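Just below is one structure, and these are the notes that go with it.
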Amino acid sequence: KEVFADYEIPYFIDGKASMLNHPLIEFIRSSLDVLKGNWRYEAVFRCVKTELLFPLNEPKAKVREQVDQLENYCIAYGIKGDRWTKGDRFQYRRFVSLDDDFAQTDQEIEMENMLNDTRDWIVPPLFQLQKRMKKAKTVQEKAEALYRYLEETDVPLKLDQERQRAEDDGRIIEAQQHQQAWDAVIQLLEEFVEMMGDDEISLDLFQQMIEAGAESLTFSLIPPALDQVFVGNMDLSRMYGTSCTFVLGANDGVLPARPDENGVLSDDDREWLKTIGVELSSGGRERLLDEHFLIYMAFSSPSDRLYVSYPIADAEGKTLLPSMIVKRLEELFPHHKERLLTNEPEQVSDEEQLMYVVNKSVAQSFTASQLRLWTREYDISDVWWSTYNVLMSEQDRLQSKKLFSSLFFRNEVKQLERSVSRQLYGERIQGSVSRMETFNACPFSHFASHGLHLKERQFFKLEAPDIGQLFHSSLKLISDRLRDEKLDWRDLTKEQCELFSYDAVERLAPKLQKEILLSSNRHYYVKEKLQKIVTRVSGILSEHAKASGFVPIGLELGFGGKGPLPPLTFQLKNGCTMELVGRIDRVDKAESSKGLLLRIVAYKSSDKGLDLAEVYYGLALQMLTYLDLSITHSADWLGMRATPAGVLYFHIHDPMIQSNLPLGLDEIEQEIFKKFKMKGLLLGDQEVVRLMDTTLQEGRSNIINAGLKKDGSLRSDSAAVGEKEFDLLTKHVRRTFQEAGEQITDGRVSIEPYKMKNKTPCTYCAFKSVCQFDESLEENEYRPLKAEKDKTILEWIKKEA
Amino acid sequence: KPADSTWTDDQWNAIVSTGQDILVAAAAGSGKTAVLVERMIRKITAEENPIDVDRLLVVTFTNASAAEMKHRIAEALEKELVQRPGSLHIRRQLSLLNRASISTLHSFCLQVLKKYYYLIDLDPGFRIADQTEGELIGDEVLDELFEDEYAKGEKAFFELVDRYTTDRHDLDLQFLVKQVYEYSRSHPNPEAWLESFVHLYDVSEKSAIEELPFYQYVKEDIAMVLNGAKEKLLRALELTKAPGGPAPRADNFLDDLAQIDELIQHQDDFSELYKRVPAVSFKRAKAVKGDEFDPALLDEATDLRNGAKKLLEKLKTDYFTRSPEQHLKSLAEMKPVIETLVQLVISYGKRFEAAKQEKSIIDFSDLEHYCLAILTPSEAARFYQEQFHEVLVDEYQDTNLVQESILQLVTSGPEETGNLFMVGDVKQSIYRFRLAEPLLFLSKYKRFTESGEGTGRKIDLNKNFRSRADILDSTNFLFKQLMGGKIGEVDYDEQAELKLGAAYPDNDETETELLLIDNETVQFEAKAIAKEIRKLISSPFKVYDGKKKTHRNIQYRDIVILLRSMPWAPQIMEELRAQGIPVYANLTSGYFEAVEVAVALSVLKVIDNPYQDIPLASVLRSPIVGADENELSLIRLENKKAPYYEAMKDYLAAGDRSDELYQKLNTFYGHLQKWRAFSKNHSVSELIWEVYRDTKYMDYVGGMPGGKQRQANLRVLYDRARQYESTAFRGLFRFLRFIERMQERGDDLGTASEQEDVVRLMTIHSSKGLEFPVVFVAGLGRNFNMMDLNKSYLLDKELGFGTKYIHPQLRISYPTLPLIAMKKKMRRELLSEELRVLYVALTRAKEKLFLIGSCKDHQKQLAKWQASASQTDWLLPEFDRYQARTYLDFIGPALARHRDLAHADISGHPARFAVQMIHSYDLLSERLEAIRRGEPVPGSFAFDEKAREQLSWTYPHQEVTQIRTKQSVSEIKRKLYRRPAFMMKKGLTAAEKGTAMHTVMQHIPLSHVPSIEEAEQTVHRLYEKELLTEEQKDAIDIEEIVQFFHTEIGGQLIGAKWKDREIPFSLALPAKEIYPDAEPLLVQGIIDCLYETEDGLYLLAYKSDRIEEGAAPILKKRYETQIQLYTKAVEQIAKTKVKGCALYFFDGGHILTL
DNA sequence: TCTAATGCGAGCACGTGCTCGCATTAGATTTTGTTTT
Ligand code: SF4
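Chains B and A, in that order, are what the protein sequence lines are.
Using PDB author numbering, the final residue of the first sequence is 1160, and nothing's skipped along the way.
PDB author numbering puts the second sequence at residues 5 to 380, 390 to 532, 546 to 778, 782 to 930, 938 to 960, 972 to 1022, 1043 to 1145, 1150 to 1179, 1187 to 1232.
As structure tokens, then:
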């Protein structure tokens, strides 16, 4: 069908098409799937997308655009089952955070109204169908309920409009099949009630028989024309006055075809029945021997020319073998040339390559391949140069030019013009550390994120960021209640930790990811898992509080925007101001001989610590930014000029210790406690280490990544650095932000991903289909980042200074 | 019977021997296929008492082998037919061969299912599901089962979940369920094997550790490491005897050794070992001061002693950190969790089978199990035993237990007198991960004798007819020191060694080469490979054609690079393609990371639901539209909050037609809307093709770098859509969901050039059964995959299910004894398989070998190899072979004793090697612009006239290719959705009554004018003849029937020379008479009546039209063209002429003439 | 996810020197694939 349509060859297929693609049959089947599966997402929108449910005399292009946004909504909110048949309106809110609660924007009300309107015209006919279907017992009243479902939705009128449109565009054969489909369905129902109309039947069996009957439905054979290529079989197909005959699929197992015996009677059954005196149909060996007569009739039919062809490989690439007939013909005609059929013209003669150019489409198709082959140092045939010149000599040449533009195609990225970038990003870039890191990893990823604002399809699925937000807000709530009851983390008992954490998660659950934790029993148990995690974390924070000299100042402290702290500000060459707002997880203060000390703690779901290489390449700029702001504003916000004590990561989890020793309960508790030993960076001195772990007298610490010798000096295993390194790192962070913001305003949006430690940011990115990155394609390569040691990094930052 | 004809005695035995089950150990290069064929031919083409082909059963691994079997048998039948042309039997076997039972075991099982569907609960029209389709069904029933279990909320279930899941989700448990179920499907009784899980955990304190099954592996492991600690210390003691060696420290050694021996004394007593092993300490090393010693050897002895320390500490942490009683208690505490797990898995199995039956669907596992259920021996089994006189099984070393239980069932007679003929080779069994059992082969090997005395026959084929002496010598030399014991599972001796049988003109460059690279590593690797290949091509290497005895210069076809894994393949392909080396390789994954596939899928997504910003942006930026970054951002500028699609529509709604970006988005928009409407009426495949032609994206990617591949990637997406149409039928909705669900669980498809002069880069596993003059095996300096032995649980064929001791409340976990046992067992089994992989790797060649690996430091690793190569006996130390994690760790030490790189015969073996210590540093237009411009190229081309003639050509008779041949009167003149029967009132419609009267008019006697009584009589007879329906007969007007025969035309009808009615006619009309522009088309109809008088020929037609003067002119034109077509038919066909036409109307009894 | 290098103190051998024993982080590295119509 597709090849002859593409090669402009009129044909007559001696076969009847199936109705399984017709909107009417799909409408019926998927409807019964809605009823059987209790309104599953798939069945519902299969039912809707057949457009037979669409409002009468309404713009199809508008209704579709409404259904689509309803679909996306149903996906994001996991709408299924009785939720469709409930009286409750589908509530919509574009953005909800579990740390607050707003009121619906007029936009959201408009959207929600549209959604509920769409639902309100989709549900009723489908609902009423379920009403009658449950109540209907016998087959007749079920078929009656189905037909009523067809008539209430004005299906005949919509089919009539469709066939009229088909006639109007000239697709008259397509127009006829609508009326054919309706007649088919009606006949099916009639026969059904004729044979079992009074019999009481189940919904499953009714659907089974409807499905079975629908599978058999056939469109009436398209009548033969005055001049067509007759394509048919070798068994029942008849011919007359045939000049040229093409024989297809001369493969082993195909021709002669191995006869499938299966039925009620096997070959041995029929054979023995034949010896008894009962004559039924033929056997396997008989119909296998008849194959030669069939091949004979097919071979003897053409008056002028006979073509016997066979493929050597199937659709997938599996080897297909020539038939016994091919070898037989090689015997009868020993010096007859075998002709090669290929879509690779360079494998046949120029005279055969000339046969390819039969029309404009296929000529363009092949000559584009030939031109690419030509670019690969191959002296392609001149016929394609001739056809090329013809394709550029007639009117429709821009189409061909566009097609041939692939010859010099590279995944290039044009730099954003100043006016375009200024309008897109804005006059003032109000961003965050996350955005800057996103740009640093890949400029194009930033262009698709904070530029084009492309949003991936939202699913009713609990992801890691959602869980992280749950943890953050939970600890926040617990902290607030702690200061409310004049309690401190030190004074928390096991019972109190459990109740506090459990209730906190209980409070945050109905606003986390469209209420997913309340949607199923499985997610209920997930909620309990999360409650256990927050519980243990609470206990660890308690123990840490009782062994640290650092007191938490502001938890979830935001800078910029509405936050207490002012935003860090940057000036650019383009004139655009660049301010970064963000939310520091935790800041701790501590008094010492060196004065005031400030440290920053961030709650991570991962254990891995800060990598100076990642900081150098601007991939990890969160902590040092938070520290920089906390130190620079320590006077106007807190008290006096403080000193960077360090940056710390806290691993929120519920660990399972894997000890090879029979441990006691106390030893187990200690082994659990040791799993929460914070990673990050510290200040290279004894006093700070003793302030972060007041229990540590000599040896290693179970809270911080540092140790002590007999002297009092920290060991080399300690992840600590001098104040020089800290200030140097912060300056490096500032320079990264400045340069990044500069390149952003300049319009740099090139595709430049990195590859460090066999890791690519492309794996976590959703813009893979947008960037269309191709490493084989030149000008498109990763950025190899040497993973050097910390001292080498700091030496680089020093040489840059 | 004995006879001679170019066969060997062993091959001869494999051909003629009959009367019992025969096992043929065919080595690599042996003519197993030729022997198998000949054996069949003799039975098929015998003179005394021949048997038909359909009385045999040939089971193969791949369909390629079955097809090859069929063709070689066919050729032999052809030869026999040349020698005896007259024979009906021999001719008949050639006809039967198409119906022969040469299949795979799966195909045979399918045949059984199709034949005996009624024995089990199966649908006769069942469909074998896609792997992805079935797995999606499994995923669904898993989620449903889990949800139900969470709903019940039983304590046992939660206990299971808390142990085998993370702290955030329960995925790992469901993966565990899937794994256990799959692993259970490899036993002839999955439920029983699952219910045997608890027997491993059914222990107490009073249980003897040494009496339990799994301890078999715990025992040997200790016996191994202790013997590995003794030898490691003996070598230290010997090193004290060396002149530069330290003499005093031998005291410490003499102490340590004494301690280890003390442990070896109590190896069988686990309880005693718990008391002794943790108490063992190595005394402080006696420092040796002086320059009379040797710093290298001094520091080496300490390394050896610390090696013993490492081994001992490893042994202690493995077994003796808790008492055997505590071990037993831990193992006993885990039992209920195991019971819950088993019942859960069983529930999943029943739910999965029920789900599959609901959709008339089976797996590939179901293919074996349903077949086995049928055969159980039952009537079917007895029939198949009756039918098959012999059963031939190839690649028997890769048969599983279910397949075996089917084979032993379809074969007739006990093992002593069975007909099961089986051929294979354990040394080539590289599929254990697919859960096949080579032990099934080996057990029958040992069970059988070289004779057929009261048992099965074993036959050994040793001669290698297809490979050079150097290859066989190298292979035998290497695997003589590697295969054997617990690492080889098979003793490598004579009658197992490869023997030369290939006549070869000797070459000097055929020696096995080893290229060791110092320091991507794959970059240096591939570059070294490229250099050797280029040297082999540049300087003429002669490949010998054994069949025609002629040397030919080596092609790229004769060079193949074999890898253990395929992630290294792309880089090697890139480097070799850069060097100028043609390379082809097949991929089983990475289809959805191809950009063209991503773009095409993005298009399908937008056609499904346009409100997806990412697939939309993908299509817009793709060559399909060609929008750049400025244009894309320009689209966003129009609307910043709304979806990207809305922003596009808004730009279209605000833009001017003079903009190029407008043209882009508009043309795409029209295309999009067309596709939206097109997808609703056509299948997915049709939509893909239509997109491909409307975008010319396939044509486009065909003209960009690697377009050959890219067009294929787009081709197989169409073919895959057609494939999916069987799974759950058509629809972009269904298709895209299926693809999305396939990817989200991590499933992939292949990127699916077999012509000469291409270098094939492929897996060693896939090279099985193939052969090449030159073989490259790289990645030999790369670690094996030991990821299987890390998780908290493990699955075993014998021991069943092992797992860590996990306590959810106490947050503690530690490995249980049977787990560690299984780890040791699975490791040495894995190592065996790997060694066999290396075997097929080396035996896939015919001329030359290329061993290539990498390392860090040459000299130190060479010393590391020398450490292992110190033993006098052939076989390398079993512990040192166990400690291997790299292929080099196998090859190296075996090569260290050799003369080229250790006295006695090992040095004199006829194997030749060439070692290269390579280092990383040593490896270190007018027409174009014409096409870019859009301008034609200048020049005189020979096909210019032809091409321009053909592109301008139009079919002469195009205007009639769409014109229907057969037409109708109503249709020519021209040139309602009905209700169901059970919804309307009882019959009696216009068409019914009209036709009912028409029947009377065409059946009423025209002899004379009938009265009312005669008319009623005719009607009654038509009622009894069943010519009239009773409802048609009940409803009839009697007046008009009388009225017609009282008319003038009626009277002329009664009185006529000749009369005829209902005369079917077909008329050929020139195309022009109906169609305006520019060959006869057919026009058929039925003339109601014709009658001839003395005046002429008159035509008559009946009409039941609604009437009751002014209606006559309308009725005249209503049937004008019809009457003209009737008259034209009579006048043209009958060559006569019609004088006057008449139409009678029932409603009133009116007649009008034309 | 398990394997190799690092830090520092303790006690044992010939008060000082040196080897061991412990505890940790980083750290490097990294699959195999028939089978049906
Ligand atoms: S995928 Fe990799 S390359 Fe494509 S955008 Fe995201 S990061 Fe840049």
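All residues carry an ideal CB built from backbone N, CA and C; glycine is no exception.
- A distance filter of 5 Å between CB atoms and the heavy atoms of ligand 1 selects the following residues in sequence order: B:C801, B:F803, B:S804, B:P1112, B:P1120, B:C1121, B:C1124, B:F1126, B:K1127, B:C1130, B:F1132.
- Pairing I94 (chain A) with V41 (chain A) gives a Cβ-Cβ distance that is not under 8 Å.
- By alpha-carbon distance to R597 (chain B), the top candidate from B:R491, B:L924, B:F371, B:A979 is B:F371.
- Looking at the DSSP output, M1037 (chain B) shares a beta bridge with B:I1063.
- Using beta-carbon distances, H173 (chain A) counts as an interface residue toward chain B, with a partner under 8 Å.
- Its chain contains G33, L485, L511, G514 as the residues whose beta carbon lies nearer than 6 Å to that of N477 (chain A), once the 5 sequence neighbours on both sides are disregarded; these appear in chain order.
- Only exposed fits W1125 (chain A), as fewer than 16 other CB atoms lie within 10 angstroms of its CB.
- Taking C-beta atoms as the reference points, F764 (chain A) and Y750 (chain A) count as a pair closer than 8 Å.
- Within chain A, no C-beta atom comes nearer than 7 Å to that of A657 (chain B); the closest sits roughly 17 Å away.
- A distance of 8 Å or more separates the beta carbons of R131 (chain A) and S425 (chain A).
- For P1047 (chain A), there is no enclosing beta strand (DSSP E), as DSSP marks it with neither H nor E.
- Within the stretch 451 to 519 of chain B, complete alpha helix (DSSP H) segments of at least 4 residues are found at 465 to 494, 498 to 511, given in chain order.
- Taking the beta carbon of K1013 (chain A) as reference, the chain B residues within 9 Å of it are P582, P583, listed in sequence order.
- Within the stretch 812 to 830 of chain A, no residue places its CB atom closer than 7 Å to a CB of chain B.
- For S1135 (chain B), the chain A residues whose C-beta falls within less than 7 Å of its own C-beta are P731, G732, listed in chain order.
- Under the three-pair Cβ rule at 8 Å, the stretch 645 to 665 of chain A does not count as touching the stretch 794 to 812 of chain A.
- Nearest neighbour of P615 (chain B) by Cα position, chosen from B:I837, B:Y655, B:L834, B:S662, turns out to be B:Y655.
- Comparing alpha carbon positions, the residue from A:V1007, A:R1177, A:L1203 closest to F1223 (chain A) is A:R1177.
- With respect to chain A, the C-beta atom of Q872 (chain B) has no partner C-beta closer than 8 Å.
- At least one CB of chain A lies nearer than 8 Å to the CB of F806 (chain B).
- Secondary structure note for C433 (chain B): its alpha helix (DSSP H) is the uninterrupted segment 419 to 436.
- Taken through DSSP and simplified to helix, strand or coil, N748 (chain B) comes out as helix.
- Rounded to whole angstroms, the separation of the alpha carbons of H191 (chain A) and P669 (chain A) is 54 Å.
- Under the Cβ criterion (8 Å, minimum of three pairs), the stretch 616 to 630 of chain A does not count as touching the stretch 789 to 796 of chain A.
- CA-to-CA, the gap between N432 (chain A) and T468 (chain A) works out to about 12 Å.
- If you look at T444 (chain B), you'll find it isn't in any beta strand (DSSP E); it sits in the alpha helix (DSSP H) that goes 441 to 444.
- By the rule that beta-carbons nearer than 8 Å mark a contact, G616 (chain A) does not touch chain B.
- Beta-bridge analysis with DSSP links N477 (chain A) to A:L513.
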